[PDB]
Structures are given as C-alpha cells and as structure tokens.
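Here's the structure, in structure tokens; my notes come after.
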Amino acid sequence: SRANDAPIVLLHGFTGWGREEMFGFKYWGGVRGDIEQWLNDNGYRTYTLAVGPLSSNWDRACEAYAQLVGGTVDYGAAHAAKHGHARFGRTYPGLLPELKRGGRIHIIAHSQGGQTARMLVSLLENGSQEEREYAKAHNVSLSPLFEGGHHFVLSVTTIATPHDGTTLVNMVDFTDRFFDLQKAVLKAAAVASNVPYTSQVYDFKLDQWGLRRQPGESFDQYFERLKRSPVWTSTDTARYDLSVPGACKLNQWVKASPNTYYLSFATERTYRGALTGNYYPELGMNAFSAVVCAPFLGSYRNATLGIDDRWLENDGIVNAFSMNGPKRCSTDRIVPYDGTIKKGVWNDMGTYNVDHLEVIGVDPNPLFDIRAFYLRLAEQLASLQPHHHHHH
Ligand SMILES: [Ca+2]
Ligand SMILES: [Zn+2]
C-alpha cells in the first residue's frame with residue numbers, strides 16, 4: 001500500500017534526450033510508448049530529466065540539480081578550474097521547486113543515469129569538501145549543491161547501470177563503435193545520421209565545453225568532431241566514468257546515503273556457449289549490440305582488471321555483474337531482495353531477461369510487458385516508508 005506521495009524523476013544514460021527532442025520519440029518508452037505518461041495516467045506523478053549524455057556524471061549531477069530546483073548550472077569553481085571548462089552553464093526554470101520547500105523525490109535511472117543519481121545524492125547530502133575548500137581559499141562563491149545538507153532524495157532505482165563500469169570501453173574500436181551506438185539510437189527514433197537537420201533534434205548539451213552541432217552539419221559529421229573533443233578525450237567524461245577504472249574512482253567517493261533507499265535491476269540478453277565459458281547475444285537483442293558489442297563483452301577477460309568469467313553475461317552494452325550495485329572500490333552494501341526494502345543499502349532486485357534498449361522500449365520485445373514492469377516499480381516506490389522502527 002501507498003506510504004508516500006513523492007514524485008518520480010526519470011534519468012537517462014549515455015544516450016538520452018528531453019521530451020521535445022527527437023521529434024517526440026521518447027527515451028523512456030521508445031517504440032513502446034510514453035512511460036512518464038503511463039505513470040502519470042496511473043496516479044504516479046512523474047517527471048523527466050535531460051542532461052548531457054556524454055558528459056561526466058559530475059556535470060550531469062550539477063545539471064540535474066539546477067534542472068530540478070532551477071537556476072544556472074554551476075559545476076564548481078574547483079572542478080571547472082581542474083578540467084578547463086565553463087563554471088556556469090545553461091539555465092533552467094526548475095521542474096520541482098517543492099524540493100526547496102521541503103519535498104522529496106524518487107529517481108529512476110537507466111544505464112549511466114545510475115551513476116549520476118548516486119552522485120547527485122552524495123553531493124546533495126555531503127556537498128564537496130574540495131569545492132568548499134576552494135571557495136574559502138580563492139574567495140569565489142559556492143553553489144548550495146556543494147555545501148551538503150540537502151535531503152531531496154527518498155530513493156534511487158537503477159536499471160542496467162554499469163556500477164562497476166563496463167568492458168565495452170575496452171574494445172579496440174571503442175571510440176568508433178560508441179558513436180555508432182548513438183547513430184543506432186537515432187535510427188530507432190526514425191532519425192538519420194547523414195542529414196544536416198536545421199532543427200536541433202538531439203542536443204548533447206555541451207554548453208560547458210562550447211560545443212554544438214553547426215548549421216550544415218550532420219550527426220555523422222558532428223560526431224567526428226566530438227571524438228576529437230574534450231568530451232571524448234578528457235577524464236571529465238562519461239567515457240572515463242563508464243570504464244572499469246573510472247567507475248572504481250567514482251565508487252571511492254560516491255557512497256550510499258543511509259537516508260536513501262536504493263534499488264537495483266540487472267539485465268541480460270545472452271546465452272552461455274557450449275565448450276567455452278563465453279556468452280553470446282540472444283535472438284531478439286537489438287541488432288547493433290548483437291553484432292558489434294555483445295560478442296566482445298561476452299568473451300573479454302582481463303586479469304589486471306579482474307575481468308573474469310563472472311563479467312561475461314551481458315545486456316549487449318553493460319556486463320550484468322556490474323549492475324546490482326557498486327562493488328569495485330566501494331563501501332556500499334548489497335542485499336538480495338527478499339520481500340522487504342531496506343534503507344541505506346542496495347536492494348538487489350534481480351536480473352531480467354531484457355536488453356539494454358528493450359528495457360526502456362527503444363528496441364522492441366513483445367514478451368516483455370514494459371508497462372507492467374514500470375507500474376509495478378512505481379507501486380513499490382510508493383510503498384516506501386519515510387522511517388523505520390526496529391522490530392522482531
Ligand atoms: Ca528486441
Ligand atoms: Zn566537468
């Protein structure tokens with residue numbers, strides 16, 4: 001039964017766009033429909049965040065914070081100075097000013113969104129010592145996000161999140177293939193990559209880096225430029241955070257708040273080979289991933305990275321092992337869901353037989369009741385109690 005009225009906020013990964021983008025084709029729903037609408041139609045107030053898909057989780061967290069409460073994005077003086085990008089970014093009206101007044105939210109996150117949501121919680125709750133220290137030392141102002149003390153988040157749910165990174169980054173042609181994945185997703189939405197559309201269509205939101213698709217430029221061409229840009233070559237990137245070492249570094253500081261409930265969903269769409277311990281893409285997996293990424297994921301080992309047989313099972317984009325919660329370079333705790341949802345630890349909800357894109361409806365799969373999945377989830381989140389008392 002319903003113990004909380006908090007709104008839900010959807011958060012995309014290394015691929016994603018706002019509701020008005022991509023000619024209305026939604027990331028949360030894809031060919032299946034409008035997940036946000038379904039949830040709202042069903043009594044679950046839901047909103048959608050849209051942040052830089054290729055940007056660092058930090059940047060995304062800063063973007064999210066402003067998008068939620070409103071204002072100009074502030075990445076932090078220290079950070080900015082460190083990485084060489086703008087301190088201030090775009091301005092938002094603010095989706096939920098109730099947060100400033102004392103409300104809370106449930107964040108449902110997909111892919112790299114998981115990492116972002118985690119970071120956002122940590123920043124809200126703890127701030128950034130490094131940003132505070134930098135402020136006092138250089139006499140610059142400080143965003144509230146870096147102070148600590150915010151209690152905006154009741155829960156964080158992650159679906160197909162590379163909490164320990166993904167070996168996808170280790171392919172020799174990764175750079176080219178990653179961008180081909182963006183093209184695939186455009187394809188899914190009925191958008192071509194070799195057309196210089198005048199309308200924006202997919203805004204990567206690279207204001208901080210001063211990058212934007214130029215008049216007369218196709219996504220194919222733009223992507224060529226992005227590959228040689230700081231959003232691809234610097235450590236302040238999704239690319240870095242997606243990596244095993246990257247995710248490790250992130251886990252080192254991004255911890256679970258004892259005040260927040262976390263839920264994790266894993267995804268897999270592979271089968272185990274006969275004579276080899278390798279995993280292969282199942283029938284139905286999205287074409288792109290099946291041909292281009294899944295073989296690699298299902299067969300790549302690396303002792304120095306600790307990539308062993310456990311990491312081979314995948315959803316075509318991310319290793320299933322890296323999905324139940326941060327384990328590499330982490331103090332976070334993960335507990336198998338047994339019926340009761342626990343606060344301050346990762347409630348591992350299991351593994352579902354759906355691929356990376358099928359789970360958000362961007363790739364079809366008729367045997368996966370996507371509406372039911374998200375509706376059940378909503379019901380769960382709504383059932384969370386603000387507080388607990390010990391009992392037998
Ligand atoms: Ca499919
Ligand atoms: Zn940055």
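Going through the structure tokens in order, the chains are called A, B, and so on, while each chain numbers its residues from 1 and the ligands are numbered from 1 in the order shown.
Excluding residue 242 (chain A) itself and same-chain residues fewer than 4 positions from it, the residues having an atom within 7 Å of it are residues 162, 165, 166, 238, 246 and 247 of chain A, counting only C-alpha atoms.
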Exercise. Please, which residues have at least one atom within 8 Å of an atom of ligand 2, using only C-alpha atoms and all ligand atoms, listed as a ChimeraX atom specification?
Worked result: /A:55-56,58-59,75,79-80,83,85,208,236-237
- Could you please extract the residues within 12 Å of ligand 1, counting only C-alpha atoms and all ligand atoms, and hand them back as a PyMOL selection string? chain A and resi 30-32+188+269+281-290+315-316+353-368
Expected file contents, prior selection, C-alpha atoms, as a JSON list (two decimals), in the first residue's frame:
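Written file, selection.json:
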```
[["chain", "number", "residue", "atom", "x", "y", "z"],
["A", 30, "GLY", "CA", 10.74, 4.38, -27.29],
["A", 31, "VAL", "CA", 8.72, 2.33, -29.75],
["A", 32, "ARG", "CA", 6.51, 1.09, -26.93],
["A", 188, "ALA", "CA", 15.46, 3.72, -33.54],
["A", 269, "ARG", "CA", 20.05, -10.99, -23.06],
["A", 281, "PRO", "CA", 23.64, -12.48, -27.74],
["A", 282, "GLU", "CA", 20.23, -13.97, -27.71],
["A", 283, "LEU", "CA", 17.76, -13.85, -30.51],
["A", 284, "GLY", "CA", 15.99, -10.56, -30.38],
["A", 285, "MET", "CA", 18.72, -8.46, -28.85],
["A", 286, "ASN", "CA", 18.95, -5.11, -30.63],
["A", 287, "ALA", "CA", 20.80, -5.56, -33.89],
["A", 288, "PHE", "CA", 23.52, -3.10, -33.21],
["A", 289, "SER", "CA", 24.59, -4.52, -29.91],
["A", 290, "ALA", "CA", 24.29, -8.07, -31.13],
["A", 315, "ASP", "CA", 22.74, -6.99, -21.87],
["A", 316, "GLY", "CA", 24.54, -6.08, -25.05],
["A", 353, "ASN", "CA", 15.75, -11.16, -19.50],
["A", 354, "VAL", "CA", 15.68, -7.93, -21.50],
["A", 355, "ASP", "CA", 18.41, -5.99, -23.29],
["A", 356, "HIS", "CA", 19.87, -2.59, -22.74],
["A", 357, "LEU", "CA", 17.47, -0.82, -25.05],
["A", 358, "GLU", "CA", 14.49, -3.14, -24.73],
["A", 359, "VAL", "CA", 14.16, -2.25, -21.07],
["A", 360, "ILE", "CA", 13.37, 1.38, -21.92],
["A", 361, "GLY", "CA", 11.38, 0.43, -25.04],
["A", 362, "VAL", "CA", 13.86, 1.76, -27.52],
["A", 363, "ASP", "CA", 14.16, -1.73, -29.01],
["A", 364, "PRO", "CA", 11.06, -3.88, -29.36],
["A", 365, "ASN", "CA", 10.37, -7.02, -27.34],
["A", 366, "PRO", "CA", 6.81, -8.26, -27.29],
["A", 367, "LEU", "CA", 7.38, -10.71, -24.44],
["A", 368, "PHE", "CA", 8.34, -8.01, -22.06]]
```
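For the residues A:352, A:209, A:262, A:146, ranking by smallest atom-to-atom distance to residue 333 (chain A) using only C-alpha atoms places A:262 first.
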Between A:389, A:301, A:163, A:343, smallest distance to residue 116 (chain A) by only C-alpha atoms belongs to A:163
Using only C-alpha atoms, the residue out of A:86, A:54, A:141, A:107 with shortest distance to residue 229 (chain A) is A:54
* Test item: residues at most 12 Å from residue 321 (chain A), only C-alpha atoms, excluding those fewer than 5 positions along its chain, as a VMD selection string -> chain A and resid 160 to 167 244 264 to 268 297 to 298 306 to 315 326 to 328 348 350 to 351
Near-residue 120 (chain A) list (9 Å; only C-alpha atoms; drop same-chain fewer than 5 positions) as a PDB file with N, CA, C and O atoms, in the first residue's frame:
```
ATOM      1  N   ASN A  57      29.525  12.237 -14.994  1.00  0.00           N
ATOM      2  CA  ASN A  57      28.465  12.185 -14.013  1.00  0.00           C
ATOM      3  C   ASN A  57      28.403  13.467 -13.136  1.00  0.00           C
ATOM      4  O   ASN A  57      27.391  13.873 -12.771  1.00  0.00           O
ATOM      5  N   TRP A  58      29.528  14.058 -12.868  1.00  0.00           N
ATOM      6  CA  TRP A  58      29.586  15.280 -12.077  1.00  0.00           C
ATOM      7  C   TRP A  58      28.788  16.361 -12.786  1.00  0.00           C
ATOM      8  O   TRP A  58      27.948  16.953 -12.238  1.00  0.00           O
ATOM      9  N   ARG A  60      26.599  16.134 -15.142  1.00  0.00           N
ATOM     10  CA  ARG A  60      25.227  15.709 -15.145  1.00  0.00           C
ATOM     11  C   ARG A  60      24.508  15.925 -13.819  1.00  0.00           C
ATOM     12  O   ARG A  60      23.387  16.267 -13.765  1.00  0.00           O
ATOM     13  N   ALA A  61      25.212  15.662 -12.745  1.00  0.00           N
ATOM     14  CA  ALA A  61      24.656  15.910 -11.436  1.00  0.00           C
ATOM     15  C   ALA A  61      24.416  17.390 -11.204  1.00  0.00           C
ATOM     16  O   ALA A  61      23.410  17.765 -10.686  1.00  0.00           O
ATOM     17  N   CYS A  62      25.349  18.204 -11.624  1.00  0.00           N
ATOM     18  CA  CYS A  62      25.191  19.627 -11.491  1.00  0.00           C
ATOM     19  C   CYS A  62      24.004  20.116 -12.373  1.00  0.00           C
ATOM     20  O   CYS A  62      23.265  20.961 -11.995  1.00  0.00           O
ATOM     21  N   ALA A  64      21.437  18.254 -13.352  1.00  0.00           N
ATOM     22  CA  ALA A  64      20.254  17.768 -12.717  1.00  0.00           C
ATOM     23  C   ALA A  64      19.781  18.661 -11.549  1.00  0.00           C
ATOM     24  O   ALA A  64      18.614  18.966 -11.440  1.00  0.00           O
ATOM     25  N   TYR A  65      20.711  19.044 -10.701  1.00  0.00           N
ATOM     26  CA  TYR A  65      20.394  19.837  -9.549  1.00  0.00           C
ATOM     27  C   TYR A  65      19.714  21.111  -9.976  1.00  0.00           C
ATOM     28  O   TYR A  65      18.661  21.383  -9.509  1.00  0.00           O
ATOM     29  N   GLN A 115      24.737   5.989 -12.100  1.00  0.00           N
ATOM     30  CA  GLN A 115      25.894   6.609 -11.526  1.00  0.00           C
ATOM     31  C   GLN A 115      25.539   8.049 -11.209  1.00  0.00           C
ATOM     32  O   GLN A 115      25.864   8.513 -10.204  1.00  0.00           O
ATOM     33  N   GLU A 125      23.632  15.495  -0.189  1.00  0.00           N
ATOM     34  CA  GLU A 125      23.780  15.177   1.197  1.00  0.00           C
ATOM     35  C   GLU A 125      25.125  15.625   1.864  1.00  0.00           C
ATOM     36  O   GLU A 125      25.135  16.196   2.879  1.00  0.00           O
ATOM     37  N   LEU A 145      24.706  23.058  -3.868  1.00  0.00           N
ATOM     38  CA  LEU A 145      24.957  21.681  -4.080  1.00  0.00           C
ATOM     39  C   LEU A 145      26.226  21.216  -3.402  1.00  0.00           C
ATOM     40  O   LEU A 145      26.360  20.075  -3.146  1.00  0.00           O
ATOM     41  N   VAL A 254      31.563   8.195  -4.115  1.00  0.00           N
ATOM     42  CA  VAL A 254      30.100   8.204  -4.204  1.00  0.00           C
ATOM     43  C   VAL A 254      29.518   7.064  -3.412  1.00  0.00           C
ATOM     44  O   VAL A 254      29.456   6.007  -3.879  1.00  0.00           O
TER      45      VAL A 254
END
```
Every residue of region 66-314 of chain A that DSSP places in strand (DSSP E or B), as a PyMOL selection string = chain A and resi 71-74+88-92+105-110+153-159+237+261-267+270-272+279-281+302+307+314
For the residues selected in the previous step, produce a file with C-alpha atoms as a PDB file, in the first residue's frame.
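Okay, this is what ended up in part_18.pdb:
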```
ATOM      1  CA  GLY A  71      18.761  28.283 -11.915  1.00  0.00           C
ATOM      2  CA  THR A  72      22.038  28.382 -13.736  1.00  0.00           C
ATOM      3  CA  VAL A  73      24.075  25.290 -13.719  1.00  0.00           C
ATOM      4  CA  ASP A  74      27.214  25.700 -11.564  1.00  0.00           C
ATOM      5  CA  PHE A  88      28.451  28.183 -15.346  1.00  0.00           C
ATOM      6  CA  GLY A  89      26.211  26.551 -17.832  1.00  0.00           C
ATOM      7  CA  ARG A  90      22.674  26.640 -19.035  1.00  0.00           C
ATOM      8  CA  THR A  91      19.729  27.972 -17.073  1.00  0.00           C
ATOM      9  CA  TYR A  92      16.682  26.074 -16.121  1.00  0.00           C
ATOM     10  CA  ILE A 105      11.698  12.518  -4.980  1.00  0.00           C
ATOM     11  CA  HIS A 106      12.272   9.019  -6.234  1.00  0.00           C
ATOM     12  CA  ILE A 107      14.795   8.835  -9.009  1.00  0.00           C
ATOM     13  CA  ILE A 108      14.511   6.049 -11.581  1.00  0.00           C
ATOM     14  CA  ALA A 109      17.689   5.857 -13.599  1.00  0.00           C
ATOM     15  CA  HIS A 110      18.823   3.825 -16.666  1.00  0.00           C
ATOM     16  CA  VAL A 153      16.020  12.043  -2.394  1.00  0.00           C
ATOM     17  CA  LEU A 154      13.946   9.282  -0.897  1.00  0.00           C
ATOM     18  CA  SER A 155      15.029   6.579  -3.285  1.00  0.00           C
ATOM     19  CA  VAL A 156      17.238   5.804  -6.260  1.00  0.00           C
ATOM     20  CA  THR A 157      16.482   2.952  -8.576  1.00  0.00           C
ATOM     21  CA  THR A 158      18.932   1.884 -11.220  1.00  0.00           C
ATOM     22  CA  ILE A 159      18.245  -0.273 -14.253  1.00  0.00           C
ATOM     23  CA  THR A 237      33.715  12.432 -19.246  1.00  0.00           C
ATOM     24  CA  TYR A 261      16.609   3.631  -0.373  1.00  0.00           C
ATOM     25  CA  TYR A 262      18.369   2.113  -3.375  1.00  0.00           C
ATOM     26  CA  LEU A 263      17.085  -0.491  -5.752  1.00  0.00           C
ATOM     27  CA  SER A 264      18.940  -2.242  -8.492  1.00  0.00           C
ATOM     28  CA  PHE A 265      17.743  -4.092 -11.579  1.00  0.00           C
ATOM     29  CA  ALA A 266      20.019  -6.045 -13.792  1.00  0.00           C
ATOM     30  CA  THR A 267      19.516  -7.004 -17.403  1.00  0.00           C
ATOM     31  CA  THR A 270      22.753 -13.606 -23.603  1.00  0.00           C
ATOM     32  CA  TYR A 271      23.331 -17.339 -23.610  1.00  0.00           C
ATOM     33  CA  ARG A 272      26.246 -19.397 -22.467  1.00  0.00           C
ATOM     34  CA  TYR A 279      28.327 -15.576 -23.538  1.00  0.00           C
ATOM     35  CA  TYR A 280      26.540 -14.809 -26.784  1.00  0.00           C
ATOM     36  CA  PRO A 281      23.645 -12.480 -27.739  1.00  0.00           C
ATOM     37  CA  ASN A 302      41.489  -9.149 -18.250  1.00  0.00           C
ATOM     38  CA  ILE A 307      37.509  -9.277 -15.575  1.00  0.00           C
ATOM     39  CA  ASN A 314      25.628  -9.066 -20.560  1.00  0.00           C
TER      40      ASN A 314
END
```
The distance between CA of residue 205 (chain A) and CA of residue 371 (chain A) is 29.5 Å
| field | Of the listed residues A:52, A:76, A:7, A:230, that which approaches residue 99 (chain A) most closely, counting only C-alpha atoms | value |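 Using only C-alpha atoms, residue 99 (chain A) sits closest to A:7.
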**Q.** Residue set, region 115-196 of chain A restricted to alpha helix (DSSP H), as number ranges by chain
**A.** A: 115-126, 129-138, 174-188
Residues of the last selection are to be written out with N, CA and C atoms, as a tab-separated table (two decimals), in the first residue's frame.
```tsv
chain	number	residue	atom	x	y	z
A	115	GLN	N	24.74	5.99	-12.10
A	115	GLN	CA	25.89	6.61	-11.53
A	115	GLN	C	25.54	8.05	-11.21
A	116	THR	N	24.83	8.72	-12.12
A	116	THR	CA	24.50	10.11	-11.90
A	116	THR	C	23.62	10.35	-10.68
A	117	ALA	N	22.60	9.57	-10.59
A	117	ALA	CA	21.69	9.64	-9.47
A	117	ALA	C	22.45	9.42	-8.12
A	118	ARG	N	23.30	8.40	-8.08
A	118	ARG	CA	24.13	8.16	-6.93
A	118	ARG	C	24.97	9.41	-6.56
A	119	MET	N	25.61	9.98	-7.55
A	119	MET	CA	26.42	11.14	-7.33
A	119	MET	C	25.61	12.33	-6.85
A	120	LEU	N	24.46	12.45	-7.45
A	120	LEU	CA	23.63	13.55	-7.09
A	120	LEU	C	23.22	13.43	-5.61
A	121	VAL	N	22.91	12.22	-5.17
A	121	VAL	CA	22.54	12.03	-3.78
A	121	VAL	C	23.70	12.41	-2.88
A	122	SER	N	24.84	11.90	-3.21
A	122	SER	CA	26.04	12.19	-2.41
A	122	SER	C	26.39	13.69	-2.34
A	123	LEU	N	26.24	14.38	-3.44
A	123	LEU	CA	26.52	15.80	-3.46
A	123	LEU	C	25.48	16.56	-2.65
A	124	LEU	N	24.23	16.15	-2.78
A	124	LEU	CA	23.19	16.82	-2.08
A	124	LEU	C	23.35	16.69	-0.62
A	125	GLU	N	23.63	15.49	-0.19
A	125	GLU	CA	23.78	15.18	1.20
A	125	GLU	C	25.12	15.63	1.86
A	126	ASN	N	26.23	15.46	1.17
A	126	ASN	CA	27.53	15.77	1.70
A	126	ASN	C	28.22	16.99	1.13
A	129	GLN	N	33.79	18.73	-0.21
A	129	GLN	CA	34.86	19.36	0.57
A	129	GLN	C	35.83	20.13	-0.33
A	130	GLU	N	36.20	19.54	-1.45
A	130	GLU	CA	37.09	20.16	-2.36
A	130	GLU	C	36.53	21.47	-2.87
A	131	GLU	N	35.22	21.55	-3.13
A	131	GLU	CA	34.62	22.79	-3.60
A	131	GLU	C	34.54	23.84	-2.49
A	132	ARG	N	34.29	23.38	-1.27
A	132	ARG	CA	34.19	24.27	-0.12
A	132	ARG	C	35.57	24.85	0.18
A	133	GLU	N	36.56	23.97	0.23
A	133	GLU	CA	37.93	24.38	0.49
A	133	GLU	C	38.36	25.40	-0.56
A	134	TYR	N	38.07	25.13	-1.82
A	134	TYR	CA	38.42	26.02	-2.92
A	134	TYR	C	37.75	27.35	-2.77
A	135	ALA	N	36.53	27.37	-2.29
A	135	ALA	CA	35.81	28.60	-2.14
A	135	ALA	C	36.45	29.55	-1.10
A	136	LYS	N	36.75	29.00	0.06
A	136	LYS	CA	37.36	29.78	1.11
A	136	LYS	C	38.70	30.28	0.73
A	137	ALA	N	39.45	29.49	-0.01
A	137	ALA	CA	40.76	29.85	-0.43
A	137	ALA	C	40.88	30.88	-1.53
A	138	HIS	N	39.93	30.86	-2.43
A	138	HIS	CA	40.00	31.78	-3.54
A	138	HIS	C	38.95	32.84	-3.52
A	174	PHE	N	36.55	1.01	-29.77
A	174	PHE	CA	35.50	1.56	-28.93
A	174	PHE	C	34.98	2.93	-29.33
A	175	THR	N	35.88	3.85	-29.60
A	175	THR	CA	35.52	5.19	-29.94
A	175	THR	C	34.56	5.24	-31.11
A	176	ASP	N	34.88	4.48	-32.16
A	176	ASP	CA	34.07	4.43	-33.36
A	176	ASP	C	32.74	3.75	-33.09
A	177	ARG	N	32.78	2.63	-32.37
A	177	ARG	CA	31.57	1.91	-32.05
A	177	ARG	C	30.59	2.60	-31.12
A	178	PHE	N	31.12	3.36	-30.17
A	178	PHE	CA	30.31	4.10	-29.22
A	178	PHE	C	29.44	5.12	-29.97
A	179	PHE	N	30.06	5.79	-30.90
A	179	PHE	CA	29.39	6.75	-31.71
A	179	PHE	C	28.41	6.05	-32.66
A	180	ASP	N	28.74	4.86	-33.13
A	180	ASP	CA	27.84	4.12	-33.97
A	180	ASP	C	26.58	3.75	-33.13
A	181	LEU	N	26.74	3.58	-31.83
A	181	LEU	CA	25.64	3.32	-30.98
A	181	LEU	C	24.66	4.51	-30.86
A	182	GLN	N	25.21	5.70	-30.88
A	182	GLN	CA	24.42	6.88	-30.86
A	182	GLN	C	23.63	6.88	-32.19
A	183	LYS	N	24.28	6.64	-33.33
A	183	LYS	CA	23.60	6.55	-34.57
A	183	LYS	C	22.47	5.52	-34.54
A	184	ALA	N	22.69	4.38	-33.90
A	184	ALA	CA	21.68	3.34	-33.81
A	184	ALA	C	20.45	3.79	-33.12
A	185	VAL	N	20.67	4.57	-32.08
A	185	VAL	CA	19.60	5.06	-31.32
A	185	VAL	C	18.81	6.12	-32.07
A	186	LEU	N	19.49	6.85	-32.91
A	186	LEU	CA	18.84	7.81	-33.76
A	186	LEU	C	17.96	7.01	-34.75
A	187	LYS	N	18.53	5.93	-35.27
A	187	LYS	CA	17.83	5.08	-36.19
A	187	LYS	C	16.51	4.58	-35.55
A	188	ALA	N	16.59	4.22	-34.28
A	188	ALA	CA	15.46	3.72	-33.54
A	188	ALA	C	14.32	4.72	-33.51
```
In Å and to one decimal, CA of residue 377 (chain A) is distant from CA of residue 342 (chain A) by 15.1 Å
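Proximity to residue 51 (chain A) was assessed for A:70, A:113, A:84, A:144 counting only C-alpha atoms; the smallest distance is recorded for A:113.
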Determine, for each residue of region 193-251 of chain A having at least one atom at most 10 Å from an atom of region 22-25 of chain A, the closest pair of atoms and their separation in Å to one decimal, counting only C-alpha atoms; order by chain and ascending number, as CSV.
```
residue,atom,partner,partner_atom,distance
A:199,CA,A:23,CA,9.6
A:200,CA,A:22,CA,8.4
A:201,CA,A:22,CA,4.8
A:202,CA,A:22,CA,5.9
A:203,CA,A:22,CA,9.2
```
Just to be explicit: take each residue in the selection above, keep C-alpha atoms, and write the result as an mmCIF file, in the first residue's frame.
```cif
data_model
loop_
_atom_site.group_PDB
_atom_site.id
_atom_site.type_symbol
_atom_site.label_atom_id
_atom_site.label_comp_id
_atom_site.auth_asym_id
_atom_site.auth_seq_id
_atom_site.Cartn_x
_atom_site.Cartn_y
_atom_site.Cartn_z
ATOM 1 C CA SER A 199 16.160 21.723 -36.108
ATOM 2 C CA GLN A 200 18.290 20.608 -33.177
ATOM 3 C CA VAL A 201 16.867 17.105 -32.794
ATOM 4 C CA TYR A 202 19.351 15.779 -30.252
ATOM 5 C CA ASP A 203 21.111 18.346 -28.084
#
```
